[PDB]
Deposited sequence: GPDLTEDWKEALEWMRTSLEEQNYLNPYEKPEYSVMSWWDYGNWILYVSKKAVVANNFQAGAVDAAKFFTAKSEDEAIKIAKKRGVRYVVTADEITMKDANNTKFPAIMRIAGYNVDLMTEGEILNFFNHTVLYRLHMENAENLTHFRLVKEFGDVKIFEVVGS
């Protein structure tokens, strides 16, 4: 897809710098450190044994979709804990800010929802009850396992509490 925006590149650089300081055995290392909604074209530039992003594109997409569409924080944190993710990143693009410019329907599809059988109103209502809503729309104020730690434009970086 299209090249990542400057805010995204900056956010990714801030996280890489924060992760570069880590020292581990290579086996205690998390499956991957950053959970975000990737476009294959962008993801291919970051995948490596550094384990910043998911080794397998599809698995990473399903992980992120299940996480973002979760209705309970307990389900979301379970996914993040399993992969050992330290950062979760959101942006206006994956939310329902603009029904005509959103990747949320795609996220819903990957998560297994038949979004195409839903009205715009139903998709918005669904979105408002997700963990993604509580992250991006409320800056994790009502989430106990996630803390907003950095922002670059509308790209928000959340740190998993207890990772």
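Of the deposited sequence, just the range 25 has no C-alpha coordinates according to the record.
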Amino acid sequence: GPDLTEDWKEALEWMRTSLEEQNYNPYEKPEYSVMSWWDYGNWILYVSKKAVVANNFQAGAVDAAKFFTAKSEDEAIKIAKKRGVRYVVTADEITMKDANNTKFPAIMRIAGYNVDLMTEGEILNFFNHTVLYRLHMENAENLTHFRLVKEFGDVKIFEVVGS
From here on, numbers count along this sequence of modelled residues.
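Once the C-alpha B-factors are averaged per stretch, 119 to 127 and 58 to 66 rank with 119 to 127 first.
Just going by the entry, 26 to 34 versus 99 to 107 on mean CA temperature factor gives the higher value to 26 to 34. In the deposited entry, the Cα temperature factor of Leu12 sits in the top third of values across the chain's modelled residues. Annotation for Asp92: C-alpha temperature factor in the lowest third relative to the rest of the modelled chain, per the entry. In this PDB entry, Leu45 carries a Cα temperature factor that places it within the highest third of its chain's modelled residues.
Among the modelled residues of its chain, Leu148 has a C-alpha B-factor that falls in the lowest third according to the deposited record.
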